[PDB]
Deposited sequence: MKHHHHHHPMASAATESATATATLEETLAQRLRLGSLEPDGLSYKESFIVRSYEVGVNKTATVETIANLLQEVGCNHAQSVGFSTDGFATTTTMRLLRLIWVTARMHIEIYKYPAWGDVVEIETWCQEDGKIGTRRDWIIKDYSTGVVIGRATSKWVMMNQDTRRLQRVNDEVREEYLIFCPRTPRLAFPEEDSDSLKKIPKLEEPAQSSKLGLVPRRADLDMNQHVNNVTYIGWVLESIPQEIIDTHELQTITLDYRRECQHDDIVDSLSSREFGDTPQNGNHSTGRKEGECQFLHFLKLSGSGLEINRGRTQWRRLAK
């Protein structure tokens, strides 16, 4: 397709990773005169999509194989973990590599390295854990041996980890914060613009909501260094959400999104912050 030809990317030599670069646009930058986390997350999704496209997945339910489509099987995000050392500026060229390895029998892990292409310096990295689910029962699966063959051709056989260090913050359990929470943002409702292709509430919306929970004093004086998010439930368009946070100039916060009425958990998270 024309987009594959023109895009600033391509499969890498071994064909087991994808690389694409993006010119940071003027509207992508926030109060810190640099790319918002939302922007970064979007680009993580874009390169993930384009990787899938380039190995022959026919953009249906994302990353679904020919058999998965037939057996009504999909990939759902259990965890996202983003770490940014340095937010890029308007007009910077950011290179992002992404690839996918097996994650035992439960599902799949997608990683990302984020470079400033000019310097070649790593400005961020990211890792994510996904699980196979029957889209009809919404119930988890041992990854069929049929499916594994279809996708593992396009994955490195031996570990490639964006986070290869020992007790990696990326795999740390997140506990439920104790109510009442130090900070809260109450009665949040998805806006229309927050809804994706398939009418699900966008990952960037969950990110936004986590930040809404943070005290003005911290965002005025600090920048987000890491975010971790575990997803339990999809938030419906008319659902009403309370976003909570507590602590646990370099600070961490525990997060928790629940439904205002039910009290039911939508997600929980952790965010680390650096001083400006």
| property | result |
| --- | --- |
| Deposited positions without coordinates, collected into consecutive stretches in sequence order | 1-26, 275-290, 319-320 |
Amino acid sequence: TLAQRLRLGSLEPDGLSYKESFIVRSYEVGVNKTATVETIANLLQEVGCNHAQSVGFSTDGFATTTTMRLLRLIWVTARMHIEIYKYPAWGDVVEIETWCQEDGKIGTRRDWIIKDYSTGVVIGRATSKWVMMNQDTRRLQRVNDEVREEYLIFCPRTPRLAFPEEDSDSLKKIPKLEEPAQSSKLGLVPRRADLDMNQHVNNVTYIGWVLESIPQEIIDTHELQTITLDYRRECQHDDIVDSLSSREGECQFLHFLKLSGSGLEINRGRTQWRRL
From here on, numbers count along this sequence of modelled residues.
| item | value |
| --- | --- |
| Entry-level comparison of average CA B-factors, 67-75 and 161-169, reporting the higher stretch | 161-169 |
| 5-13 versus 259-267 - which carries the larger mean C-alpha B factor in the record | 259-267 |
| Of the residues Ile219, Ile207, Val29, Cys49, the one carrying the largest Cα B-factor as recorded | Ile219 |
| Residue of maximum C-alpha B factor among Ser58, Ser213, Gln225, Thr39, per deposited coordinates | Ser58 |
| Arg192, C-alpha B-factor rank within chain (lowest, middle or highest third) | highest |
| Where the record places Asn134 (Cα B-factor, split into thirds across the chain) | middle |
| Ranked C-alpha temperature factor of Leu44 among modelled chain residues, by third | lowest |
| Assigned third (lowest, middle, highest) for the C-alpha B factor of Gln101 | middle |
| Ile153, C-alpha B-factor rank within chain (lowest, middle or highest third) | middle |
